[PDB]
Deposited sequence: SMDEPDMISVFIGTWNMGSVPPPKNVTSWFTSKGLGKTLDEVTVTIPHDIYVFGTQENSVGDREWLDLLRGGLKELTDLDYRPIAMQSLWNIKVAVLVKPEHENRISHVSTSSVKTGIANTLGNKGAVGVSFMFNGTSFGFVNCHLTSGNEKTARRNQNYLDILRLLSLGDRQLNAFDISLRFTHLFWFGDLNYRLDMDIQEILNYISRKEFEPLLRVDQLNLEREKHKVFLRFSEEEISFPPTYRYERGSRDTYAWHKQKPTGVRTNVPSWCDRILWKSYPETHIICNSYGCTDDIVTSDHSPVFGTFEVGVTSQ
């Protein structure tokens, strides 16, 4: 058993705040990490960002530096692939570099919007992580599905994790969306999330799992706070994490609410994998 943290954050083309620990520790809204397990530094940290204005060299240092402050360890980068403002990085608890083997990165571009990928071996178990940024727009669902198909075809596993700004929107007008959000009734909204719909229609992410979403749409917020959406773009769960395990436990899945540099909130996910 190992702990694989996964984070996806569309940073709205603006640098991050110097402290994003609530992202690392799965603190905020949704299925957050309990008061005890948060103190257990995870074995692998995967950081997927879109519209990331920071440079590859420095962004990795911000990540590796932030991890040391939290864990008191010097996590070891395994791979880091970037495609314009789309960047992904993988770090590992230093006491497990010998376990890693056959590290591989890849990329695919559609349009910037695309997908960066990383895969490696941990003991006799292989992993794959895909950080994407699909076509935006309320009425471009077929485009997003086709973007997913290209990535699934143009990329170069025992456990496969697909995350990023999938950009799927809600099929409901703003009046009812805000009404349901104010009551924290997300199920009526989730029933009309395009990603759920496209999965339930067996059109994309076939046999992919996603943890129950119990946090509010991560988009689109006004920069500076979380108590308000900038819907003039209906709120939507643009930023998602799905997995497909060979014939996995999800100890958390949510978003922060104290990181307010972007119009997206950071989304996190932690898993215990074999």
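J.: Extract from the deposited sequence all ranges with no corresponding C-alpha coordinates, numbering residues from 1.
T.: No C-alpha coordinates exist for 1 to 6, 118 to 123, 169 to 182, 259 to 267, 283 to 285, 313 to 316.
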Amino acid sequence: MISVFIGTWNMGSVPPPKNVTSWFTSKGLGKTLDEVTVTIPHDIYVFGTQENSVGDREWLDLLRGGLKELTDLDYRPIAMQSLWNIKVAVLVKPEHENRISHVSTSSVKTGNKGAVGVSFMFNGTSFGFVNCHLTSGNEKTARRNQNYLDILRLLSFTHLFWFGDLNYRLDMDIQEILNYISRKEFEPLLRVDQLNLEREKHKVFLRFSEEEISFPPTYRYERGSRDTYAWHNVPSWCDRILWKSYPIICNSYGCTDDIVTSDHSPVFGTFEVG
From here on, numbers count along this sequence of modelled residues.
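J.: What about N52, is it left unmodelled in a third or more of the other PDB entries we looked at?
T.: No, modelled in all of them.
J.: Do at least a third of the other compared PDB entries leave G164 without coordinates?
T.: no, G164 modelled in all other entries.
J.: Looking at the entry, does 196 to 204 or 94 to 102 show the higher mean C-alpha B-factor?
T.: Averaged over C-alpha atoms, the B-factors run higher in 94 to 102.
J.: Looking at the entry, does 142 to 150 or 176 to 184 show the higher mean C-alpha B-factor?
T.: So the stretch with the higher mean C-alpha B-factor is 142 to 150.
J.: From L166, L170, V88, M121, pick the one with the largest CA B-factor in the entry?
T.: By C-alpha B-factor in the record, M121 ranks first.
J.: Hey, what third does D34 fall into on Cα B-factor, ranked over its chain?
T.: Middle third, going by the recorded CA B-factors of the chain.
J.: Consider only the C-alpha atoms of the modelled residues in this chain, order them by B-factor as the entry records it, and name the third containing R57: lowest, middle or highest.
T.: Answer is highest: the recorded C-alpha B-factor places it there.
J.: Quick check on the deposited entry: does the C-alpha B-factor of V108 sit in the lowest, middle or highest third of its chain?
T.: CA B-factor rank for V108: highest third.
J.: Going by the entry, which third of its chain does the Cα temperature factor of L73 land in?
T.: For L73, the deposited C-alpha B-factor lands in the highest third.
J.: Place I40 in the lowest, middle or highest third of its chain's C-alpha B-factors, as listed in the PDB entry.
T.: Within its chain, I40 is a highest-third residue by C-alpha B-factor, going by the deposited values.
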